[PDB]
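Single-structure report; data block below.
Note that we place each Cβ from the backbone using ideal geometry, even for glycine, and neighbour counts take in every protein chain shown. Computed from the coordinates by the stated procedures, all read-outs in this text should not be read as laboratory data.
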Amino acid sequence: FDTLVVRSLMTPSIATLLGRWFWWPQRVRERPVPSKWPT
Amino acid sequence: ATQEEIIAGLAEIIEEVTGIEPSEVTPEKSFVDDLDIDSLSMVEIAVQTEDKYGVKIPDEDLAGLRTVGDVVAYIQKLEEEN
Amino acid sequence: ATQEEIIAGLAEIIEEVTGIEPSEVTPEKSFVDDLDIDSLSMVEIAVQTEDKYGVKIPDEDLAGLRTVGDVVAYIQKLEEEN
């Protein structure tokens with residue numbers, strides 16, 4: 001149950017919702033610096 | 001950016017999502033038919049672009065988009081609408 | 001003063017509060033976006049600047065300022081407004 005549901009669905013879902021506050025108190029970014037398109 | 005630059009970034013993303021070679025991807029190719037990319041897979045391409053290039057495409061728009069040329073033009077439309 | 005002199009002073013402070021290399025410090029960089037500097041850290045830069053050069057940046061301007069060039073312009077503006 002944990003491997004197929006909790007680890008696969010429950011845990012990843014929570015990380016996306018909390019965003020940068022998931023890694024609190026470590027200050028992180030939702031996305032990196034907006035990168036330009038490569039040639 | 002330029003249409004050529006748009007293709008290069010998107011083609012790389014498709015390889016991560018599906019495994020299709022970046023050189024294989026052409027504007028003629030269609031995600032649903034040629035690339036055999038379902039609705040779920042096409043979301044991942046939009047998601048990776050959302051984090052990398054900042055272009056987010058919802059479910060409704062992704063369903064409308066059919067081919068690579070359509071998606072490239074759709075993104076280039078946003079670049080045109082600067 | 002000169003544009004480089006304003007940046008050089010600001011670059012040293014950034015290396016102290018945040019430990020960000022001076023090479024990263026360019027006029028087009030944004031504190032919140034490019035430099036990943038929160039509001040409180042930006043205030044500390046103003047506090048050190050005030051006690052070093054006399055340039056006092058109120059909190060109202062700090063929220064308004066977005067990039068390094070914007071900050072330099074205000075400092076140059078305060079240089080103009082001296």
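What the table below lists for this structure:
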item: Chain B - Kirkwood radius from inverse mean 1/r over Cα pairs (Å); result: 12.4
item: Relative contact order computed over chain C (Cα-Cα under 8 Å; 6+ residues apart), in percent; result: 33
item: Phi to ³J(HN,Hα) by Karplus 6.51 cos²θ - 1.76 cosθ + 1.60 over region B:36-49, Hz, x for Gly, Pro; result: 6, 9, 7, 4, 5, 5, 5, 4, 4, 4, 5, 5, 5, 5
item: Shielding by other protein chains, A:28-35, mean Cβ within 10 Å; result: 4
item: For the protein assembly as shown, fraction of C-alpha pairs farther apart than 29 Å, in %; result: 47
item: Computed helical MRE - 222 nm, chain B, DSSP H runs ≥ 4 contributing -39500 (n - 2.57), nearest 500; result: -18000 deg cm²/dmol
item: Gyration tensor verdict on region C:1-49 (Cα atoms; rounded if a/c is under 1.5, prolate if a/b is larger than b/c, oblate otherwise); result: oblate
item: Amide H contacts under 5 Å for B:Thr67, placed H, 5+ residues apart; result: B:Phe31
item: Part-to-part distance (alpha-carbon centres) for chain A and region B:3-77, which is given in Å; result: 22
